[PDB]
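**Q** Please find one structure pasted underneath; my questions will follow.
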Amino acid sequence: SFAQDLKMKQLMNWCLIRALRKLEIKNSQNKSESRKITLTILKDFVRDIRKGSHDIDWXXXXXXXXXXXXXXXXXXXXXXXXXXXXXXXXXXXXXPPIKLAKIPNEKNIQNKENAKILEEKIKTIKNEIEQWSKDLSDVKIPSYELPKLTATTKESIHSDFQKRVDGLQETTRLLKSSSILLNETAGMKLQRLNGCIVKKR
Amino acid sequence: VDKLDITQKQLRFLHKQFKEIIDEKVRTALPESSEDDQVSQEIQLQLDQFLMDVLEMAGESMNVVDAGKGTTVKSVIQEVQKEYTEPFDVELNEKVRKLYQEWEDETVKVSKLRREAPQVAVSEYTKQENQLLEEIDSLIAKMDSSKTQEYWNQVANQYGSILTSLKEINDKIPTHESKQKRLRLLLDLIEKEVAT
Amino acid sequence: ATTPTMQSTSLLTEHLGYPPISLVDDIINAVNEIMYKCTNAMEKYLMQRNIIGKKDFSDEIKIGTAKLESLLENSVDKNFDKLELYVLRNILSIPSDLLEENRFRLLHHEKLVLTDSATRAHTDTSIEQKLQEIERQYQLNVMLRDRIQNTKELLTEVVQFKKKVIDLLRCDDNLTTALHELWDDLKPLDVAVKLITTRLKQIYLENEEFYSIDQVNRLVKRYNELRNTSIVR
Amino acid sequence: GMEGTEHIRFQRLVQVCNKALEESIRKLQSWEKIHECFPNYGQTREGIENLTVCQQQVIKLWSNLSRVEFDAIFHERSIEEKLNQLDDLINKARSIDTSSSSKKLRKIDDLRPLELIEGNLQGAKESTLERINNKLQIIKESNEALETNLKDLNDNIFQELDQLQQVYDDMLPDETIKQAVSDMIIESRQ
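Protein chains in written order, with my numbering: chain A, 1 to 201; chain B, 1001 to 1196; chain C, 2001 to 2233; chain D, 3001 to 3190.
The structure is reproduced here in structure tokens:
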């Protein structure tokens, strides 16, 4: 069974292998330089591990300030707390505790981006609205639209009929008068041709 | 099976020295200037969740001896995680909500403008600028709309006068023939001297 | 090319009146609201069930609350991620065919556009011609009034004039020329005037065989002056 | 005639929504997960009675009020009309019009704060032109008709008159008789 240091690096370095690999199948989107980069750092990382980087396994650190409800201490004499090595000729409490290099988050980024997005979008929108109101009240252009017997008469027919009656009437007067003057002629002729005889016998 | 016993301090120690190395190198492929958006910082995250995958996978063929089996391992990976960052910056997230609801509202506004504004403009014209039907239908509404006797008797008396002339000349055309005959006989009797 | 998806989101954001994401967000926020209300309400309304007889179980409930909570928060969150993916992809998606063809349009678009210059100029123009033609046709209607009145006027005038000429000339009168029909029994006036005229001509010959006032009166007084008889029984 | 029967889409929305819900409840109608979340208190008899009536309670209430919330949203958005109109519009655009428009424009917006307005105006005024031309065309028709009748009865005037004129012309030696009456008048008298 055991709980050994080598087998820890067997299993762990194995998980690192599989992790790299999976992340290489996930590197189908190569144009993301983040991907190529991260892969370089992680390959050189697993290499620098398998070929040593510094002291590694087991031990702890210092714990600094505690944080446990199970914190309860009780001891006695027999070797006090003063702890460190010594003896060997040639070659300190040993306290290099934890060290941190904090990294920002992700929601900060999504909120930066989304902020930019909503700023430019809402800008374009409110400006579109400007164009609407102004063009409406202005260039509406009221569509303006604004509009703007022959040769016949009583006297003519009565003049025709009267003309006929007058011409005819005049011709008639000419015939009748001709007969009158005629019988006045014959009249005379006989007035002097009726006294020649008288009569006598 | 295989069985690697862990203590919280062991696994957290390994994690923290991994982060030590990763920090050491990320500090050679780039200077310290942080905050870069889709670049640099995306790498940091990708490496975090990378260690999530690595260590989670590790706990499958490996157990803990502090609580029950491989329980809490992810809670301490995630407690050292939170020991970094992700303070949900309330103010920026508040800006996110403000500008998101503002985005929705302004959107609805431009929509109801794109329709309501043209349609109401054209409605107002089409309604007033149809007053041609005052003129036109005024029109089409209108298009549907629902002593001489003396003189006569005088020309008549002229006709009757001509008729009189007719009868008179007809009675006087025989008489003058007869009196003719008489006077021509007489004229032939003067040459003969009209005696006894 | 802008983006056919952006085009579908503009045409749909306009049609709907609200962004598509707004709907799915209302769905999510709603459900998760029921998740929180029902979580702290399961907890709350179960606090009265903590004691079971003698001992206290008030220390073994919040683990179930927290765990079940996170579990169904992630589960539901992802399930409705697949929802919204299905909504914005199948339901609220438009085929790129239509967007490319220029064939997809909205209710707004009883509208028809083009080279605005053409339709505006030709429109205003044509309309104006129509208006002036309206004016013309109206004035022409007035002319129709004129010729209607003229028409009927000539109706009465003619009817009265002719039933006059026949209630006058034909001797078929009401007041004047009834007289007698003997005058008109020889209805052709022409032949009459011809006959009398020509016979009168012949007479005018029978006298124009001269010997006029002087010839005849002198012939007479000559005769008488040549003396005769006086007196006899 | 209103293709696709309007629906086909809102129905699917209901489908996916309710299926995602019920397939998200799977963990509440399976008490094993409760055995995981309550190893000890879940084994208690009274406790598991409580969590039984309470699990049933949450399925029932959850499902009900969730549904009425979905319906409420559908009312908030009148999504029925929007989607039915969406499908309808799509298929009409599939089976209507083709050639009228020579070349086309982008339907997002070239710059369409105006193009929309001016478009609507110009179309509406096209309709105007149409009806106006129609009512005019009517005035022309009625006009030419009345002209037809008036000119008919006018030619009936001229015809009638001219006729009866030549009629009484058919019913009704000036010189030689002038010289006759002259020569005869030459005689004088006392």
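C-beta atoms are modelled at their ideal positions from N, C-alpha and C, and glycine is treated no differently.
1) Go ahead and pull the three-state DSSP assignment for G3004 (chain D).
2) Mind checking whether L2098 (chain C) and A3093 (chain D) have CB atoms under 8 Å apart?
3) Who are the neighbours of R2120 (chain C) on chain D, taking C-beta pairs under 9 Å?
4) Give the straight-line distance between the Cα atoms of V3068 (chain D) and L2072 (chain C), rounded to the nearest whole angstrom.
5) Assuming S178 (chain A) and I3186 (chain D) make a contact with CB atoms under 8 Å, what is their CB distance in whole Å?
6) If you measure beta-carbon to beta-carbon, which residues of the segment 3073-3084 of chain D are closer than 8 Å to chain B?
7) Just mark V1155 (chain B) as buried or exposed, buried being the case when its beta carbon has 16 or more other beta carbons within 10 Å.
8) Out of B:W1152, B:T1085, B:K1179 and B:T1164, point me to the one whose CA is closest to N2174 (chain C)'s CA.
9) List the residues of chain D that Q131 (chain A) touches, going by C-beta distances under 9 Å, in chain order.
10) Per the contact definition of three or more C-beta pairs closer than 8 Å, is the segment 3129-3137 of chain D in contact with the segment 2025-2040 of chain C?
11) Along the alpha helix (DSSP H) that carries residue 203 (chain A), what are the first and last residues, could you check?
12) What are the start and end residues of the alpha helix (DSSP H) that includes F2161 (chain C)?
13) Just to make sure I have the definition right: I need the residues of chain D whose C-beta is within less than 8 Å of the C-beta of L182 (chain A). Which are they?
14) Which whole-angstrom value is the C-beta distance of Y1100 (chain B) and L23 (chain A), which I expect to be below 8 Å?
15) Report buried or exposed for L6 (chain A), applying the criterion of at least 16 other Cβ atoms within 10 angstroms of its Cβ.
16) Grab me the residues of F2057 (chain C)'s own chain with a C-beta within less than 6 Å of its C-beta, minus the 5 sequence neighbours each way, in chain order.
17) Could you check whether the Cβ of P142 (chain A) sits closer than 8 Å to any Cβ belonging to chain G?
18) Residues of chain B with CB closer than 8 Å to the CB of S53 (chain A), please, in chain order.
19) Candidates B:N1170, B:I1021, B:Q1081 and B:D1188: which alpha carbon is nearest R47 (chain A)'s?
20) Here's the rule I'm using: 16 or more other beta-carbon atoms within 10 Å means buried, otherwise exposed. How should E1032 (chain B) be labelled?
21) Can you check whether the C-beta of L23 (chain A) is within less than 8 Å of a C-beta belonging to chain D?
22) Should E2133 (chain C) be counted as a contact of the ligand GDP given a C-beta to heavy atom distance under 7 Å?
23) Tell me whether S3102 (chain D) sits in a helix, a strand or coil according to DSSP, three-state version.
24) With 8 Å as the threshold, decide whether the Cβ of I1190 (chain B) is near any Cβ in chain D.
25) When the Cβ atoms of the segment 1049-1059 of chain B are set against those of the segment 1008-1028 of chain B, are three or more pairs found closer than 8 Å?
26) Identify every run of the alpha helix (DSSP H) within the segment 1144-1182 of chain B, keeping only runs that are complete inside it and at least 4 residues long; order them along the chain.
27) Residues of the segment 3091-3110 of chain D in Cβ contact with chain B at a cutoff of 8 Å, in chain order, please.
28) Can you grab the Cα-Cα spacing for the pair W132 (chain A) / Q1119 (chain B), in whole Å?
29) Examine chain B for any beta-carbon lying closer than 8 Å to the beta-carbon of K3135 (chain D), and answer yes or no.
30) Excluding the five sequence neighbours on either side, which residues of its own chain have a C-beta within less than 7 Å of the C-beta of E1168 (chain B), listed in chain order?
31) Could you tell me whether the Cβ atoms of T2151 (chain C) and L3146 (chain D) are closer together than 8 Å?
32) I'd like to know if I1162 (chain B) contacts chain D, where contact means its C-beta is closer than 8 Å to some C-beta of that chain.
33) Along chain C, which residues have their Cβ under 7 Å away from the Cβ of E145 (chain A)?
34) For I2028 (chain C) and chain D, any beta-carbon pair shorter than 8 Å?
35) Quick one: residues in its chain with C-beta nearer than 6 Å to the C-beta of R2199 (chain C), no 5 flanking neighbours on either side, listed in chain order?
36) Would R192 (chain A) and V2220 (chain C) qualify as a contact pair, given that the criterion is a beta-carbon distance under 8 Å?
**A** On the basis of the supplied data:
1) As a working mapping, residue 3004 (chain D) is identified with position 4 in the fourth sequence. Helix.
2) Taking the third sequence and counting its residues from 1, one reaches residue 2098 (chain C) at position 98. Taking the fourth sequence and counting its residues from 1, one reaches residue 3093 (chain D) at position 93. In contact: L2098 (chain C) and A3093 (chain D) (Cβ atoms closer than 8 Å).
3) Translated into the one-based positions of the third sequence, residue 2120 (chain C) becomes position 120. Contact annotation for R2120 (chain C) against chain D: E3118, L3121, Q3122 and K3125 [CB-CB distance below 9 Å, chain order].
4) Residue numbering aside, residue 3068 (chain D) sits at position 68 when the fourth sequence is read from its first letter. Residue numbering aside, residue 2072 (chain C) sits at position 72 when the third sequence is read from its first letter. Going from the Cα of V3068 (chain D) to the Cα of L2072 (chain C) covers about 21 Å.
5) As a first step, residue 178 (chain A) must be located in the first sequence, where it is residue number 178. As a first step, residue 3186 (chain D) must be located in the fourth sequence, where it is residue number 186. That belief does not hold up - the Cβ atoms of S178 (chain A) and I3186 (chain D) are roughly 14 Å apart, past 8 Å.
6) Here the close residues number zero.
7) Taking the second sequence and counting its residues from 1, the one referred to as residue 1155 (chain B) is at position 155. With at least 16 other beta carbons inside 10 angstroms of its own, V1155 (chain B) counts as buried.
8) Taking the third sequence and counting its residues from 1, one reaches residue 2174 (chain C) at position 174. Checked all of B:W1152, B:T1085, B:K1179 and B:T1164; the closest Cα to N2174 (chain C) is B:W1152.
9) Counting from 1 along the first sequence, the entry for residue 131 (chain A) is found at position 131. Per Cβ cutoff of 9 Å: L3111, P3113 and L3114.
10) Below 8 Å, too few C-beta pairs join the segment 2025-2040 of chain C and the segment 3129-3137 of chain D to call them touching: fewer than three.
11) What is shown of chain A runs 1 to 201, which leaves residue 203 (chain A) out entirely.
12) Position 161 of the third sequence, counted from the first residue, corresponds to residue 2161 (chain C). Per DSSP, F2161 (chain C) belongs to the alpha helix (DSSP H) from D2116 to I2166.
13) In the first sequence, residue 182 (chain A) corresponds to position 182, counting from 1. At a C-beta separation below 8 Å, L182 (chain A) has these neighbours in chain D: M3184.
14) Mapped onto the second sequence, residue 1100 (chain B) falls at position 100. Mapped onto the first sequence, residue 23 (chain A) falls at position 23. Taking C-beta atoms under 8 Å as the contact rule, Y1100 (chain B) and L23 (chain A) fail to qualify, at a distance of about 33 Å.
15) Indexing the first sequence from 1 puts residue 6 (chain A) at position 6. Answer is exposed; the Cβ neighbour count stays below 16.
16) Along the third sequence, one-based indexing puts residue 2057 (chain C) at 57. Counting only residues of its own chain and dropping the five nearest sequence neighbours on each side, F2057 (chain C) has a CB closer than 6 Å to the CB of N2050.
17) Here chain G cannot be found, since the structure's protein chains are A, B, C and D.
18) As a working note, residue 53 (chain A) is residue 53 in the first sequence. Per Cβ cutoff of 8 Å: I1021.
19) Translated into the one-based positions of the first sequence, residue 47 (chain A) becomes position 47. The shortest C-alpha to C-alpha distance from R47 (chain A) to any of B:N1170, B:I1021, B:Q1081 and B:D1188 is the one to B:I1021.
20) Working through the second sequence from its first residue, we reach residue 1032 (chain B) at position 32. Looking at its Cβ environment, which holds fewer than 16 other Cβ atoms inside 10 Å, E1032 (chain B) is exposed.
21) Counting from one through the first sequence, the residue named residue 23 (chain A) turns up at place 23. With 8 Å as the cut-off, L23 (chain A) does not count as an interface residue toward chain D.
22) By its list of ligands, the structure shown contains no ligand whatsoever, and the ligand GDP lies outside what it can speak to.
23) Here the question's residue 3102 (chain D) lines up with position 102 in the fourth sequence. Coil.
24) On the second sequence, position 190 is the one that residue 1190 (chain B) refers to. Taking 8 Å as the CB threshold, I1190 (chain B) stays off the interface with chain D.
25) Below 8 Å, enough C-beta pairs join the segment 1049-1059 of chain B and the segment 1008-1028 of chain B to call them touching: three or more.
26) Runs found: none.
27) Within the segment 3091-3110 of chain D, contact with chain B at the beta-carbon level (separation under 8 Å) is assigned to no residue.
28) Within the first sequence, the letter at position 132 stands for residue 132 (chain A). Within the second sequence, the letter at position 119 stands for residue 1119 (chain B). The alpha-carbon separation between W132 (chain A) and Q1119 (chain B) amounts to approximately 13 Å.
29) Your numbering for residue 3135 (chain D) matches position 135 in the fourth sequence. At least one chain B Cβ lies under 8 Å of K3135 (chain D).
30) The residue you call residue 1168 (chain B) lines up with position 168 of the second sequence. Within the same chain, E1168 (chain B) has no close Cβ partners at all.
31) For the purposes of this step, residue 2151 (chain C) is taken as residue 151 along the third sequence, with counting starting at 1. For the purposes of this step, residue 3146 (chain D) is taken as residue 146 along the fourth sequence, with counting starting at 1. Against a cut-off of 8 Å, the Cβ pair of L3146 (chain D) and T2151 (chain C) comes out as no contact.
32) If you number the second sequence from 1, residue 1162 (chain B) lands on position 162. Not closer than 8 Å to any Cβ of chain D, the Cβ of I1162 (chain B) fails to qualify, so no.
33) Here residue 145 (chain A) refers to the residue found at position 145 when the first sequence is read from its first residue. At a beta-carbon threshold of 7 Å, the residues of chain C lying near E145 (chain A) are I2127 and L2131, ordered along the chain.
34) As a working mapping, residue 2028 (chain C) is identified with position 28 in the third sequence. Chain D, which has no Cβ nearer than 8 Å to the Cβ of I2028 (chain C), makes this no.
35) Residue 2199 (chain C) sits at position 199 when you count from the first residue of the third sequence. Closer than 6 Å at Cβ, skipping near neighbours: no residue.
36) On the first sequence, residue 192 (chain A) is found 192 positions in, with the first residue counted as 1. On the third sequence, residue 2220 (chain C) is found 220 positions in, with the first residue counted as 1. The answer is yes: Cβ separation under 8 Å.
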